[PDB]
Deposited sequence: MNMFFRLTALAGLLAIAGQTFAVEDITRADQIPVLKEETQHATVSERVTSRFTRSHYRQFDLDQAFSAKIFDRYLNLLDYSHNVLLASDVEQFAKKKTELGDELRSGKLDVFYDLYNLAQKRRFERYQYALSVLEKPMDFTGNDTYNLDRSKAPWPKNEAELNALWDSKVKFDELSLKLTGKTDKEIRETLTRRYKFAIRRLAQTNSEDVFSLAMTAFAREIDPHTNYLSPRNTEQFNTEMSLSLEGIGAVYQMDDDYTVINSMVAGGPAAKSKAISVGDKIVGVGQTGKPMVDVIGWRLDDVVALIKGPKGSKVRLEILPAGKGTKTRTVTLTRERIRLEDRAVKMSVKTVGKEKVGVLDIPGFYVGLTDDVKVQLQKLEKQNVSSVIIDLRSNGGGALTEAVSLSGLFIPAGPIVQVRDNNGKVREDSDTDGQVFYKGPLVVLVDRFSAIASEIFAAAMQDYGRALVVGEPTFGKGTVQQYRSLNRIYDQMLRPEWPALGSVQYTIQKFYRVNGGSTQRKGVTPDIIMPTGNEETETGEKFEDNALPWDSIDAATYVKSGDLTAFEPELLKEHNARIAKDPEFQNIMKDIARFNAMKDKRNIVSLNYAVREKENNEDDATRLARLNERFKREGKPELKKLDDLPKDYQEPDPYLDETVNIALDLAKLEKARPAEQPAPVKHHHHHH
């Protein structure tokens, strides 16, 4: 491919109908009540550009203006199914991209000079659009230099760096000519979908490729989305191999997929389906994943054995922490699987045999599960009452209740949560707080307080009236919003713990409250419930004993000085230096710190000290000071209840 030998893409005949069909469902059935007026079309227009050119370095300001005269008119066009503005902008910038990758291949002949005072901003999302071919070459001067230093900082020769980036910019050229009309339609609908809320989506029909996997035959336990050009881990399945190796976290981005023995294949700016196909393959086997965390670059590798979810793994696990005389039961609930409430009841009877003084329910990094199990589990600790109010895309509020007037553990209760405790875990924790049944410890929760469903765009008369038999897609849109028994929504706030562990008293990267166009937080009328108790009396003495212990604790001391560091250097979180000596030093010093943190840990534990950070066993388990401190909080509560 040397010129415009790239096919100019056409709308298929079906796409007319499908646009009308999705405008019916979002404009009428969506939980969020928006007007597809002039203001809303504008915002749709903007987000389509940001899907075409995420980094504001392909299109010219004079190319956005050529179509932005009719930005307010894009509502009417989606209703009527006039798709040409979408196809004319994706055929443009299919051109403009080839221009950039052509230019980029040219700049790989020029010499690389990492000795300057210069900078690279990774957030160009609200950038002014490029004026001329010069600034388009200044931004791709910057871009190819960053790509060159990233590979240098992982110890690569001038030779290796030039042939890797050649292969990247020419497969980027070849990828650009493999896209079909379903890819440009898919992105057009996404601009519509994502302007309503971030959980709304259009989803293209599956090809035989899904047919043939099911016909004849299994990856790691993760579900993936697209940050532009980046494959993001959306969520992880409870007790999956992904979830077991606690290195992988929600919102993290892959840059390469290696197999056993064979080389690391770089997956920079790919279509998801091909990236995910590299990871997926039958039982027993292994796959290694080089990935980079959420918010410069870090050369992190994870290695995982492929599996089917094992029931005992996703099962609740119980154990007793002892502190001299006193004991504390701990229920690790990885997920809200059908049958959880029954397994919990079994383990609670074991906990009453061992004369514990208090119990911790651990719901850190629990992606929700059966709303039904959240309610039954809530109900084990209260006599009876409402647990959650549900409001639908119609005005209707439903109350879900526990109605046996029974308490299977009436003793002191702590719920441990973090920023990855989702839907179910939030409902349980919120109910235990509102009823005055339990102290809530850890970080503010995720805040995804809404539910989505899928709907086929197929209609029963399609095959009878059409040649175009290709199954059509689905939409995915928000139908329901959870509210607490106190009438507060879990949206965007989730549950604030009664004692916030130091990472939670910070702005986070992850959580619904930072998602693009997340629905607001709002209230309704409180349900009718009898509070089982009140722990607000105890809060100040529990909070004072907590601060006293974490001040004399090396783990919490270490985690607090990284927070004093992470918030101080927040100014430049997106601005990266292009000087090899500055970047190598900051890489060397991270490793020196990490090694000295591990070696300070091992000196306490009587474990021999590491001389290289590379000698650390790949299965190393980080300790849990959040759990060990929550046990003390749980015992303070058992004491304070006299």
What ranges of the deposited sequence, counted from 1, have no C-alpha atoms in this structure?
-> 1-26, 244-245, 324, 672-688
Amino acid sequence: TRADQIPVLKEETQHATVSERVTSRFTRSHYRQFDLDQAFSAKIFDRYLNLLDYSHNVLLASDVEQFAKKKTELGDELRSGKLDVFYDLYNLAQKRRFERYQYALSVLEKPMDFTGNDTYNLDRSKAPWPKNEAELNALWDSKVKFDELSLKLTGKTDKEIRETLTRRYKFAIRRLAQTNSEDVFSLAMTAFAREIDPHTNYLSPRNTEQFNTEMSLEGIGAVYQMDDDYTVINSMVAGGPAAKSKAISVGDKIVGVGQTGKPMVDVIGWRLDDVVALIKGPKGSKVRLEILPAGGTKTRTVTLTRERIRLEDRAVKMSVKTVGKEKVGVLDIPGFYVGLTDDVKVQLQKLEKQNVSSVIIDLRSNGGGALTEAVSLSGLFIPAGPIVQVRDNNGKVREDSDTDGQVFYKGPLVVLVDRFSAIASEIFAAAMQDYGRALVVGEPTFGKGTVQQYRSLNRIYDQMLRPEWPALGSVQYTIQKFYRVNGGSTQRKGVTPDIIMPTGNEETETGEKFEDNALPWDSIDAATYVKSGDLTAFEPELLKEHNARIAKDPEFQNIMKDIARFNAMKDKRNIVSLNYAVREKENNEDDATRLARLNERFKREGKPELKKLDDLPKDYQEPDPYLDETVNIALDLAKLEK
From here on, numbers count along this sequence of modelled residues.
Look up the CA B-factors in the entry and say which stretch, 572-580 or 590-598, has the higher mean.
-> 572-580
On average, which has the higher Cα B-factor in the deposited entry, 162-170 or 242-250?
-> 242-250
Residue with maximal Cα B-factor (values as given in the PDB entry) among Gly504, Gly405, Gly488, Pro520 | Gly504
One of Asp229, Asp113, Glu512, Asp147 has the largest Cα B-factor in the entry, namely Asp229
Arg25: which third of its chain by C-alpha temperature factor?
-> lowest
By its CA B factor, does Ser55 count among the lowest, middle or highest third of the modelled residues in the chain?
-> middle
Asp118: CA B-factor among chain residues, third -> middle
Going by the recorded CA B-factors, say which third of the chain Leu616 sits in, lowest, middle or highest.
-> lowest
Chain-relative C-alpha B factor for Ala374 (record values, thirds): the lowest
